[PDB]
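> make a model of this:
(chains A and B)
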Amino acid sequence: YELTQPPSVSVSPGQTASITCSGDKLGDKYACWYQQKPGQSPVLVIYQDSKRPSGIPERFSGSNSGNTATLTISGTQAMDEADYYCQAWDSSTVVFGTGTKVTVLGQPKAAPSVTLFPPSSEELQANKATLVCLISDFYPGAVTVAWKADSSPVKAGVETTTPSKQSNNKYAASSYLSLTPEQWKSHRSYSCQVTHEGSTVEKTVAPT
Amino acid sequence: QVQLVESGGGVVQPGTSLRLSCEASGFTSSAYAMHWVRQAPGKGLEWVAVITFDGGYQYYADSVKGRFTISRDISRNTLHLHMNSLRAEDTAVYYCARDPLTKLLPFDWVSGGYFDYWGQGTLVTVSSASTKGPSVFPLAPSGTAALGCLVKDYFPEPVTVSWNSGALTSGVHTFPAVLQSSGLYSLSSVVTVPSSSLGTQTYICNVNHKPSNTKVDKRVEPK
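Numbering: from 1, shown residues only, chains lettered A, B, ... in the order given. Please find the structure below.
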């Protein structure tokens, strides 16, 4: 059984953050939500689709209908910034959603700069090949990266970092695509596509 | 107060066995269904196993069944996760979690259960990675140009990069390393420079990996 959330939700202080969680007939299951800050244990904020544990601010609320469970944070504050995970059961099995990073905006939004490098000659000699996609100067610190060989999506051999702060308070990340020298020559083009706050930008390199 | 304290984590080789412990306090674990949940670095939560308050029933995620066994030391109010035949993708922080609703299993009715208490977690690193110096490759530049150095497959952290021994600093960005599934790190350093200077100016990246006593210079040039 599969539970999927959006990767990122961004919100200004005071605005309302809405986090969804989808699953087949999720409405027939009881949904829970957990809040997790970096380096800390998860904290239950909503159980049984809408019940709120004592100690949890009432600006947190939940709902669950049809295929969708929604966690709602009204009047979001900075302390609400965290990863949120939905949770349900499948027989005796517990299932978690993919998780949603909630950013509460604390500086202007900033679109990423993207630089894509092809495999070097020196590496192609050693019978190896790596594409290097470098992503810098973005905020919020949440990105999704998609690789494509010509026009087809690639998922194998992809390794991507978690975003981290630069010395200018924006974020950086990088993604690596591992290939054989043959795979590299076998296509006309390779692309790195970086999605950030609804915008997707692409860089492209070719074996030529 | 209620508390959970997990233990037994560490860095180990693939195929090896390891036993995690979670000691309860402020309550009796024999009155609750108790769970193990794990989280790979930078990834999401993944449920691993449950044992009933009775101890008479256990259940497991497919990814660990036949390899992991959950159990309870009633005398010492302690739960255990015995992991055999460990694999690289078992690398995670392992959390002990308490479930107040679940009693007998399988469920008679639909589960409204949840985790009200979590431990702090114990880290389990499964890797055969050992000390290894990086391969260093130039990233050739294509009114500016970006050029750099790829620092490939090293262990452990850290690697440091400079350019012309630290004489060139403007426009230098050295990225945080990626930790690949192999347990080896890679990083890149880039510098943006004038396109017109590519013919006269020399750009050399200096890569240092102290654990392997590796100091490598690589000249980076067009074409």
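
> partner residues bridging residue B:49?
Residue B:49 has these beta-bridge partners by DSSP bridges: residue B:36, residue B:60.

> so what's it up against?
B:35-36, B:58-61, B:64, B:68, B:70, B:81 (Cβ atoms under 8 Å, 6 or more residues apart in numbering or on different chains). From N, CA and C alone the C-beta is placed, and that goes for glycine too.

> now residue 112, nearest residue through space, not along the chain?
Picked chain A for this. Leaving aside its sequence neighbours, residue A:112 sits nearest to residue A:138 (Cβ to Cβ, 6 or more residues apart in numbering or on different chains; 3.8 Å).

> could you do chain B instead?
residue A:30 (4.4 Å).

> neighbours around that neighbour, how many?
When neighbours are defined as other Cβ atoms under 10 Å in any protein chain shown, residue A:30 has 22 of them.

> for it, give its distance to residue A:86.
Relative to residue A:86, residue A:30 is positioned 11 Å away (Cβ to Cβ, to the nearest Å).

> can you name every helix or strand that the helix or strand where the residue nearest to residue A:112 lies contacts?
Residue A:138 belongs to strand A:129-138 when assigned by DSSP states H and E. Judged by 3 or more Cβ pairs under 8 Å, 6 or more residues apart in numbering or on different chains; DSSP states H and E, the packing partners of strand A:129-138 are strand A:113-117, strand A:144-149, strand A:171-179, helix A:181-185, strand A:190-196, strand B:144-154, strand B:185-194.

> dihedrals phi and psi, the closest residue to residue A:99 other than its chain neighbours?
The shortest distance from residue A:99 to any non-neighbouring residue, by Cβ to Cβ, 6+ apart, is to residue B:44 (4.5 Å). When read as degrees, to the nearest 10, the backbone of residue B:44 gives phi -90, psi 180.

> next one: residue B:197
According to degrees, to the nearest 10, residue B:197 has phi -90, psi -10.

> neighbours of the residue nearest to residue A:99, how many?
The number of residues near residue B:44, taken as other Cβ under 10 Å, comes to 14.

> dump the residue contacts of it.
A:85, A:96-99.

> go with 7 Å
With contact taken as Cβ atoms under 7 Å, 6 or more residues apart in numbering or on different chains, residue B:44 is in contact with A:85, A:96, A:98-99.

> about what we covered before: ok, and the most crowded of the contacts of residue B:49?
That'd be residue B:36 among these, by other Cβ under 10 Å, with 27 neighbours.

> distance of that one from residue B:81?
5 Å.

> give the residues shared as contacts by these two.
With Cβ under 7 Å, 6+ apart as the test, residue B:36 and residue B:81 both reach B:49, B:70, B:94.

> of the residues you listed, closest to chain A?
Ranked by distance to chain A (Cβ to the nearest Cβ), those are led by residue B:49 at 9.5 Å.

> ok, now which ones touch the residue lying farthest from the centre of chain B?
Largest separation from the mean C-alpha position in chain B: residue B:200, at 43.9 Å (Cα atoms, centre = their mean). With Cβ under 7 Å, 6+ apart as the criterion, no residue contacts residue B:200.

> where's it relative to residue B:131, distance?
From residue B:200 to residue B:131 the distance is 40 Å (Cβ to Cβ).

> so which helix or strand takes in the residue farthest from the centre of chain B?
Residue-wise, residue B:200 maps onto no helix or strand under DSSP H and E.

> quick one: contacts for the closest residue in space to residue B:145 that isn't next to it in sequence?
The shortest distance from residue B:145 to any non-neighbouring residue, by Cβ to Cβ, 6+ apart, is to residue B:195 (4.8 Å). Residue B:195 makes contact with B:143-145, according to Cβ under 7 Å, 6+ apart.

> and residue B:16, how many neighbours?
12.

> actually residue B:57, not the one I wrote
Neighbours around residue B:57, by other Cβ under 10 Å: 16.

> please give me every residue in contact with it.
Per Cβ under 7 Å, 6+ apart, neighbours of residue B:57: residue B:105.

> at 10 Å instead, please
A:92, B:33, B:50-51, B:102-106 (Cβ atoms under 10 Å, 6 or more residues apart in numbering or on different chains).

> I'd like the domain boundaries of chain B, if you could list them.
With curated CATH domains as the criterion, the domains of chain B are listed as B:1-128, B:129-223.

> what's the closest of those to residue A:49?
domain B:1-128 (8.7 Å; Cβ to Cβ).

> just how off-centre is that closest one within its chain?
Mean-position distance between domain B:1-128 and its chain equals 18 Å (Cα atoms, centre = their mean, to the nearest Å).

> contact partners for the residue sitting furthest away from the middle of chain A?
Going by Cα atoms, centre = their mean, the residue of chain A most distant from its centre is residue A:125, 35.0 Å out. When contacts are counted by Cβ under 10 Å, 6+ apart, residue A:125 touches A:119, A:181, B:137.

> which one of those residues is nearest to residue A:41?
Residue A:41 has its nearest neighbour among the contacts of residue A:125 in residue B:137, at 40.6 Å by Cβ to Cβ.

> who's in contact with that closest one?
A:117, A:119-126, A:128, A:130, A:132, B:148-152, B:188, B:205, B:218, B:220.

> perfect, I'm done here.
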